[PDB]
Amino acid sequence: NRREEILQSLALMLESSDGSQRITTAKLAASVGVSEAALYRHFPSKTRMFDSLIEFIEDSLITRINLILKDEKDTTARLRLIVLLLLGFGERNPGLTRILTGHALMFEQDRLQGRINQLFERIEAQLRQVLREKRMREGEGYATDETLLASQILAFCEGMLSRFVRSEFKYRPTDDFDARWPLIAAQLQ
Amino acid sequence: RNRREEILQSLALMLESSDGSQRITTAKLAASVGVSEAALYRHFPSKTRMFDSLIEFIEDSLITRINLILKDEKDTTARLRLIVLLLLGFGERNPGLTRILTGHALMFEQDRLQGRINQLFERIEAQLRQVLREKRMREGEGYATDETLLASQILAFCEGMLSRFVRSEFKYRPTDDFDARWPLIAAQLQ
Amino acid sequence: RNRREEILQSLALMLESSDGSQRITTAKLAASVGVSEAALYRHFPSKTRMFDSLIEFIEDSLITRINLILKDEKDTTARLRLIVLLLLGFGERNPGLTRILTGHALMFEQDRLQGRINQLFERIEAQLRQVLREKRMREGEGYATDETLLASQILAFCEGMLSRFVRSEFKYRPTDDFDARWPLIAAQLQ
Amino acid sequence: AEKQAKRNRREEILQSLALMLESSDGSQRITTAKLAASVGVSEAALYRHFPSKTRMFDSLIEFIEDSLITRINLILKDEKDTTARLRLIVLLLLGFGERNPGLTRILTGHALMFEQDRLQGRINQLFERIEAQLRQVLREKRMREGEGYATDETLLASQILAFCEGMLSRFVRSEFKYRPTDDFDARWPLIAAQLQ
DNA sequence: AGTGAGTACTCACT
DNA sequence: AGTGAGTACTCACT
């Protein structure tokens with residue numbers, strides 16, 4: 001109800017040019033058009049607010065990923081879509097990206113970053129499962145170690161999101177993706 | 001100065017420790033330095049300037065070593081490798097300073113600092129871009145991909161490795177497994 | 001409300017006390033009110049704003065009663081008399097606020113405030129310059145002096161009295177001996 | 001030499017301290033650091049000429065006192081006429097003030113707001129002395145010219161001094177715009193009119 | 001509305 | 001160069 005009102009606002013702010021700095025509960029209570037006192041009648045703490053966004057993020061990405069695995073059988077085609085998914089989500093959610101990159105959580109309690117870490121651990125496991133299965137599905141595996149291959153993929157992704165935030169959202173992740181994919185693909189050897 | 005350097009040295013140390021995940025208050029800083037909060041403003045006008053010094057130290061150290069690699073290596077691919085390895089290596093032996101490079105430690109300071117960091121990254125990219133453009137003259141053949149698209153591709157990998165380095169509280173060493181990683185980057189040199 | 005005015009009142013009281021000769025830090029002001037400093041910013045953005053309210057109060061209380069004097073009384077010499085008494089009276093009644101009229105209490109605050117106090121005096125001298133010129137308008141005679149010089153001369157007096165009032169730690173009350181002083185002023189209305 | 005050299009600097013500081021007090025930055029704390037800059041030494045270097053900052057204003061106030069007092073005793077000699085003496089003494093107050101805008105911020109008590117209260121007390125004694133002196137002039141009028149004054153001698157001095165203090169206050173408020181000694185010849189006639 | 005501990009920065013004497 | 005005590009103002013939770 002109002003709980004979503006807040007979150008939706010916390011993000012919009014997290015996306016604005018003011019998201020690059022502490023988002024006080026007061027300045028937040030204003031965006032919502034209520035009082036700080038109200039805020040705490042929906043959330044036990046500011047931390048819980050971020051925890052809910054992290055949960056949303058995790059849900060959107062994990063769900064989308066599992067669907068990708070059902071709609072596509074090709075090992076490579078799978079990765080291509082999974083990478084585009086991350087880049088796409090990030091681009092479509094600048095504010096939530098500041099959470100993915102960890103920047104926004106700098107003002108919050110550390111435990112929240114551990115959460116984003118697990119999210120990533122979860123995304124890596126998937127990427128790893130996909131390549132691990134190329135063997136059964138295509139007969140031949142990979143030259144490079146599977147684990148190392150997924151980190152290389154993930155690394156490119158975090159890096160693209162990191163830059164996206166640096167430039168203040170001027171450097172769009174999905175830009176020239178069609179031309180970039182051939183480069184990442186040339187790594188799956 | 002001795003004290004000026006002594007402060008900056010503690011700044012980075014604090015950025016490397018657990019305290020790096022939070023704001024570096026002039027209080028705690030002076031605590032670690034072993035002086036009075038006022039002593040700080042004796043060698044530095046503002047806390048912001050302290051970060052500016054660190055940024056310059058990063059700028060210089062990186063640009064300097066990059067230019068040395070360019071003068072000591074004529075191979076386009078070997079140049080690219082050493083440059084990428086230098087970015088990573090620096091990051092690993094300067095956990096505190098890396099937290100700046102990634103932009104995390106700059107969240108509590110003046111936005112201008114980030115712009116400074118963006119200029120560095122643009123400067124580093126230009127170097128990668130010049131190195132790629134020269135392969136045509138030097139080795140004759142050019143690159144399938146787009147020179148500009150290739151630098152951003154290499155850069156992305158590097159910013160990605162430093163990002164995770166910070167997330168894991170410095171457990172994921174950037175240079176670990178680099179030799180087995182490089183061949184993957186070499187492949188993108190289409 | 002119950003707290004905004006409550007703060008302002010404690011602010012003037014400190015301006016009236018011996019502390020009034022020393023900057024009124026938010027730390028002390030908070031103590032005097034019996035709350036935490038933060039609480040102060042719950043009803044006031046900046047300490048400067050607290051002085052603004054106090055200045056507006058002075059501006060209103062004065063400009064108001066002055067006009068009423070011009071509306072009710074119509075005798076020139078009687079008008080000037082009452083205007084002077086009002087200035088002194090208000091001063092004596094508001095020791096702390098007088099410390100602002102003189103500009104002392106504003107030495108630690110924004111330079112803008114002094115301007116707000118300077119304009120008030122300008123407005124006051126204005127009213128005076130008006131009554132002095134209307135002399136020929138009603139009595140058909142003119143002062144053997146410059147109307148502008150006359151008001152300034154009268155104002156000068158008043159400012160001097162409030163000035164001494166402050167210096168003396170509020171021992172030299174402004175209104176004391178007024179009834180025997182006025183003749184000295186009237187004598188100037190040649 | 002050595003002593004006259006330290007006094008050349010001890011007084012060199014003051015020359016700067018007042019200079020700053022005269023400037024537009026006079027309406028705000030004149031910290032030691034900034035002061036040492038006006039001249040070219042360090043904090044510790046400043047303290048080898050003065051025990052503290054207070055002691056700096058004292059010497060400045062002392063200078064103030066000497067100027068007015070001395071210049072006043074001389075006024076009493078080179079002039080016997082009561083009214084003529086009052087016209088001068090007043091002109092001296094308004095003059096010394098306009099001639100040293102930085103020091104006036106000290107007379108008006110403004111610049112002192114930053115310093116220790118005991119310093120304002122010293123200025124309070126100065127005014128009292130100038131008033132007692134003014135009171136003397138008014139009293140002697142009788143012996144000198146036969147008659148005295150209608151109003152009380154004390155009330156008359158305060159009335160005149162109030163005008164002065166008031167003139168110096170505007171001079172500071174307008175940021176040294178409203179010059180005191182402006183139209184003195186025109187104003188005085190208004191002041192004498194009170195000498196009844 | 002109210003606050004505990006904080007937040008980068010300052011000053012006169014050292 | 002070094003600091004004890006400031007300074008005006010802030011914040012997430014009350």
# chains A, B, ... in the order shown; residues from 1 in each chain; ligands from 1
call {"tool": "interface_residues", "arguments": {"of": "chain C", "to": "chain F", "cutoff": "12 Å", "atoms": "only C-alpha atoms (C1' of nucleotides)", "output": "compact mmCIF listing (two decimals) with N, CA, C and O atoms, in the first residue's frame"}}
result
# COMPACT_ATOMS: atom_id res chain seq x y z
N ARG C 23 28.95 36.21 22.22
CA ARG C 23 28.12 35.52 21.24
C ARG C 23 27.18 34.50 21.86
O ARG C 23 27.55 33.79 22.78
N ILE C 24 25.95 34.45 21.38
CA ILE C 24 24.99 33.53 21.94
C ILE C 24 25.06 32.22 21.15
O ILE C 24 24.33 32.01 20.18
N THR C 25 25.96 31.34 21.56
CA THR C 25 26.11 30.05 20.88
C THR C 25 24.85 29.21 21.03
O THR C 25 24.19 29.26 22.05
N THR C 26 24.55 28.41 20.01
CA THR C 26 23.39 27.55 20.05
C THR C 26 23.52 26.63 21.27
O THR C 26 22.53 26.24 21.89
N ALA C 27 24.75 26.30 21.64
CA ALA C 27 24.95 25.42 22.79
C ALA C 27 24.38 26.00 24.10
O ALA C 27 23.74 25.28 24.90
N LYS C 28 24.64 27.28 24.34
CA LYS C 28 24.14 27.97 25.52
C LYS C 28 22.64 28.26 25.39
O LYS C 28 21.86 28.07 26.33
N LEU C 29 22.23 28.71 24.21
CA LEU C 29 20.84 29.04 23.98
C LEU C 29 19.99 27.83 24.25
O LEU C 29 18.89 27.95 24.79
N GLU C 37 20.33 21.15 21.52
CA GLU C 37 20.57 22.07 20.41
C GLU C 37 19.73 21.69 19.19
O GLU C 37 19.04 22.53 18.58
N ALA C 38 19.75 20.41 18.85
CA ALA C 38 18.98 19.96 17.71
C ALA C 38 17.57 20.50 17.78
O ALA C 38 17.05 21.01 16.78
N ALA C 39 16.95 20.42 18.95
CA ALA C 39 15.57 20.88 19.12
C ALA C 39 15.33 22.27 18.54
O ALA C 39 14.28 22.56 17.97
N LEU C 40 16.33 23.13 18.68
CA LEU C 40 16.28 24.49 18.16
C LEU C 40 15.98 24.48 16.67
O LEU C 40 15.15 25.25 16.18
N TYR C 41 16.66 23.62 15.93
CA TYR C 41 16.42 23.61 14.50
C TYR C 41 15.13 22.94 14.13
O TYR C 41 14.88 22.68 12.96
N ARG C 42 14.30 22.66 15.11
CA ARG C 42 13.03 22.04 14.80
C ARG C 42 12.02 23.14 14.50
O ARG C 42 10.98 22.89 13.90
N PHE C 44 13.45 26.45 13.84
CA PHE C 44 14.27 27.47 13.19
C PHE C 44 15.33 26.87 12.27
O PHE C 44 16.09 25.98 12.65
N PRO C 45 15.38 27.35 11.04
CA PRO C 45 16.36 26.85 10.08
C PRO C 45 17.79 27.22 10.47
O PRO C 45 18.68 26.36 10.53
N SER C 46 18.00 28.50 10.74
CA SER C 46 19.32 29.03 11.09
C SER C 46 19.22 30.00 12.23
O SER C 46 18.21 30.71 12.35
N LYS C 47 20.24 30.06 13.06
CA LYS C 47 20.21 30.98 14.18
C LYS C 47 19.92 32.39 13.63
O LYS C 47 19.22 33.17 14.27
N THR C 48 20.45 32.70 12.45
CA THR C 48 20.21 33.99 11.79
C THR C 48 18.70 34.26 11.70
O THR C 48 18.25 35.40 11.86
N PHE C 108 28.11 39.20 15.78
CA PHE C 108 28.44 37.78 15.58
C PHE C 108 27.58 37.15 14.50
O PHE C 108 27.86 36.05 14.03
N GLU C 109 26.53 37.84 14.10
CA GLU C 109 25.64 37.29 13.10
C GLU C 109 25.84 37.93 11.73
O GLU C 109 26.66 38.84 11.57
call {"tool": "calpha_fit_rmsd", "arguments": {"fixed": "chain C", "moving": "chain B"}}
result
0.4 Å
call {"tool": "select_by_dssp", "arguments": {"residues": "range 11-110 of chain B", "states": "helix (DSSP H, G or I)", "output": "JSON, numbers by chain"}}
result
{"B": [11, 12, 13, 14, 15, 16, 18, 19, 20, 21, 26, 27, 28, 29, 30, 31, 32, 33, 37, 38, 39, 40, 41, 42, 43, 47, 48, 49, 50, 51, 52, 53, 54, 55, 56, 57, 58, 59, 60, 61, 62, 63, 64, 65, 66, 67, 68, 69, 70, 71, 72, 76, 77, 78, 79, 80, 81, 82, 83, 84, 85, 86, 87, 88, 89, 90, 91, 92, 95, 96, 97, 98, 99, 100, 101, 105, 106, 107, 108]}
call {"tool": "interface_residues", "arguments": {"of": "chain B", "to": "chain A", "cutoff": "9 Å", "atoms": "only C-alpha atoms", "output": "PyMOL selection string"}}
result
chain B and resi 21-23+102-105+107-109+111+114-115+117-118+145-146+149-150+152-164+167-168+177+180-181+183-190
call {"tool": "write_last_selection", "arguments": {"atoms": "C-alpha atoms", "output": "mmCIF file, in the first residue's frame"}}
result
data_model
loop_
_atom_site.group_PDB
_atom_site.id
_atom_site.type_symbol
_atom_site.label_atom_id
_atom_site.label_comp_id
_atom_site.auth_asym_id
_atom_site.auth_seq_id
_atom_site.Cartn_x
_atom_site.Cartn_y
_atom_site.Cartn_z
ATOM 1 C CA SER B 21 32.878 0.927 4.493
ATOM 2 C CA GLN B 22 31.814 4.062 6.425
ATOM 3 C CA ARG B 23 32.487 7.780 6.437
ATOM 4 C CA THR B 102 35.610 2.654 -7.629
ATOM 5 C CA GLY B 103 33.853 5.740 -6.305
ATOM 6 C CA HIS B 104 32.685 4.224 -3.001
ATOM 7 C CA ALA B 105 34.864 6.250 -0.658
ATOM 8 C CA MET B 107 30.216 9.062 -1.642
ATOM 9 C CA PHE B 108 30.802 11.036 1.561
ATOM 10 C CA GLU B 109 32.882 13.724 -0.104
ATOM 11 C CA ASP B 111 30.969 15.310 -5.952
ATOM 12 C CA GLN B 114 34.228 11.766 -8.634
ATOM 13 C CA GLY B 115 34.590 13.977 -11.677
ATOM 14 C CA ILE B 117 38.170 10.102 -10.989
ATOM 15 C CA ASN B 118 36.135 10.099 -14.210
ATOM 16 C CA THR B 145 35.951 -4.630 -33.603
ATOM 17 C CA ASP B 146 35.827 -0.882 -33.021
ATOM 18 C CA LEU B 149 34.463 -0.230 -28.353
ATOM 19 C CA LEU B 150 37.549 -2.342 -27.549
ATOM 20 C CA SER B 152 35.676 0.343 -23.140
ATOM 21 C CA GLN B 153 35.511 -3.459 -23.291
ATOM 22 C CA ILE B 154 38.921 -3.875 -21.623
ATOM 23 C CA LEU B 155 38.224 -1.054 -19.221
ATOM 24 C CA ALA B 156 34.935 -2.621 -18.202
ATOM 25 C CA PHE B 157 36.694 -5.838 -17.231
ATOM 26 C CA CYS B 158 39.137 -3.849 -15.160
ATOM 27 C CA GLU B 159 36.520 -1.719 -13.418
ATOM 28 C CA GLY B 160 34.627 -4.918 -12.827
ATOM 29 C CA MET B 161 37.548 -6.669 -11.140
ATOM 30 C CA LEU B 162 38.188 -3.703 -8.825
ATOM 31 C CA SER B 163 34.511 -3.487 -8.026
ATOM 32 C CA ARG B 164 34.302 -7.027 -6.757
ATOM 33 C CA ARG B 167 32.574 -5.812 -2.327
ATOM 34 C CA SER B 168 34.355 -8.799 -0.905
ATOM 35 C CA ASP B 177 44.530 -16.010 -11.877
ATOM 36 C CA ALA B 180 44.845 -17.769 -17.040
ATOM 37 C CA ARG B 181 42.523 -14.773 -17.541
ATOM 38 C CA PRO B 183 44.025 -15.216 -22.949
ATOM 39 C CA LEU B 184 40.272 -14.507 -22.650
ATOM 40 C CA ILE B 185 40.920 -10.778 -23.100
ATOM 41 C CA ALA B 186 43.404 -11.443 -25.891
ATOM 42 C CA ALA B 187 40.564 -13.227 -27.758
ATOM 43 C CA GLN B 188 38.500 -10.070 -27.797
ATOM 44 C CA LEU B 189 41.307 -8.376 -29.719
ATOM 45 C CA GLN B 190 39.467 -9.294 -32.904
#
call {"tool": "closest_residue", "arguments": {"among": "C:170, C:182, C:143, C:121", "to": "residue 58 in chain C", "atoms": "only C-alpha atoms"}}
result
C:121
call {"tool": "interface_residues", "arguments": {"of": "chain A", "to": "chain F", "cutoff": "9 Å", "atoms": "only C-alpha atoms (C1' of nucleotides)", "output": "short mmCIF file (atom, residue, chain, number, x, y, z; two decimals) with N, CA, C and O atoms, in the first residue's frame"}}
result
data_model
loop_
_atom_site.label_atom_id
_atom_site.label_comp_id
_atom_site.auth_asym_id
_atom_site.auth_seq_id
_atom_site.Cartn_x
_atom_site.Cartn_y
_atom_site.Cartn_z
N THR A 24 18.30 11.13 3.46
CA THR A 24 17.75 11.23 4.79
C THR A 24 16.29 10.85 4.84
O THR A 24 15.57 11.04 3.87
N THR A 25 15.85 10.35 5.99
CA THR A 25 14.46 9.94 6.20
C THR A 25 13.52 11.11 6.05
O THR A 25 12.39 10.94 5.63
N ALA A 26 14.01 12.30 6.38
CA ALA A 26 13.19 13.50 6.29
C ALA A 26 12.95 13.88 4.85
O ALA A 26 11.81 14.08 4.42
N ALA A 37 7.48 10.19 11.04
CA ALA A 37 6.79 9.34 12.01
C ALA A 37 5.99 8.26 11.29
O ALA A 37 5.94 7.10 11.73
N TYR A 40 8.09 5.18 9.83
CA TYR A 40 8.40 4.10 10.75
C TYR A 40 7.19 3.26 11.17
O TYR A 40 7.33 2.33 11.97
N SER A 45 12.93 0.27 10.17
CA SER A 45 14.12 1.12 10.04
C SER A 45 14.42 1.45 8.59
O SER A 45 13.83 0.87 7.67
N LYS A 46 15.35 2.38 8.37
CA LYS A 46 15.66 2.73 6.99
C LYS A 46 16.28 1.51 6.29
O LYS A 46 16.00 1.20 5.12
#
call {"tool": "closest_residue", "arguments": {"among": "D:185, D:95, D:25, D:43", "to": "chain F", "atoms": "only C-alpha atoms (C1' of nucleotides)"}}
result
D:43
call {"tool": "interface_residues", "arguments": {"of": "chain D", "to": "chain C", "cutoff": "7 Å", "atoms": "only C-alpha atoms", "output": "PyMOL selection string"}}
result
chain D and resi 27-28+110+113+124+162-167+173+190+193-194
call {"tool": "closest_atom_pairs", "arguments": {"of": "chain D", "to": "chain E", "cutoff": "10 Å", "atoms": "only C-alpha atoms (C1' of nucleotides)", "output": "JSON lines"}}
result
{"residue": "D:31", "atom": "CA", "partner": "E:11", "partner_atom": "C1'", "distance": 7.2}
{"residue": "D:32", "atom": "CA", "partner": "E:12", "partner_atom": "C1'", "distance": 6.9}
{"residue": "D:33", "atom": "CA", "partner": "E:11", "partner_atom": "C1'", "distance": 8.8}
{"residue": "D:43", "atom": "CA", "partner": "E:13", "partner_atom": "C1'", "distance": 8.5}
{"residue": "D:44", "atom": "CA", "partner": "E:14", "partner_atom": "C1'", "distance": 7.7}
{"residue": "D:47", "atom": "CA", "partner": "E:13", "partner_atom": "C1'", "distance": 8.6}
{"residue": "D:51", "atom": "CA", "partner": "E:13", "partner_atom": "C1'", "distance": 9.4}
{"residue": "D:52", "atom": "CA", "partner": "E:13", "partner_atom": "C1'", "distance": 7.6}
{"residue": "D:53", "atom": "CA", "partner": "E:12", "partner_atom": "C1'", "distance": 7.8}
call {"tool": "write_last_selection", "arguments": {"atoms": "C-alpha atoms", "output": "CSV table (one decimal), in the first residue's frame"}}
result
chain,number,residue,atom,x,y,z
D,31,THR,CA,41.7,36.7,14.6
D,32,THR,CA,45.4,36.6,15.5
D,33,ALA,CA,46.3,34.5,12.5
D,43,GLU,CA,51.3,33.5,16.1
D,44,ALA,CA,54.3,32.9,18.4
D,47,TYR,CA,53.2,36.9,21.3
D,51,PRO,CA,51.0,38.9,26.4
D,52,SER,CA,47.8,38.3,24.5
D,53,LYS,CA,45.2,39.8,22.2
call {"tool": "atom_distance", "arguments": {"atom1": "CA of residue 63 in chain D", "atom2": "CA of residue 104 in chain D"}}
result
12.2 Å
call {"tool": "atom_distance", "arguments": {"atom1": "CA of residue 43 in chain C", "atom2": "CA of residue 6 in chain C"}}
result
10.5 Å
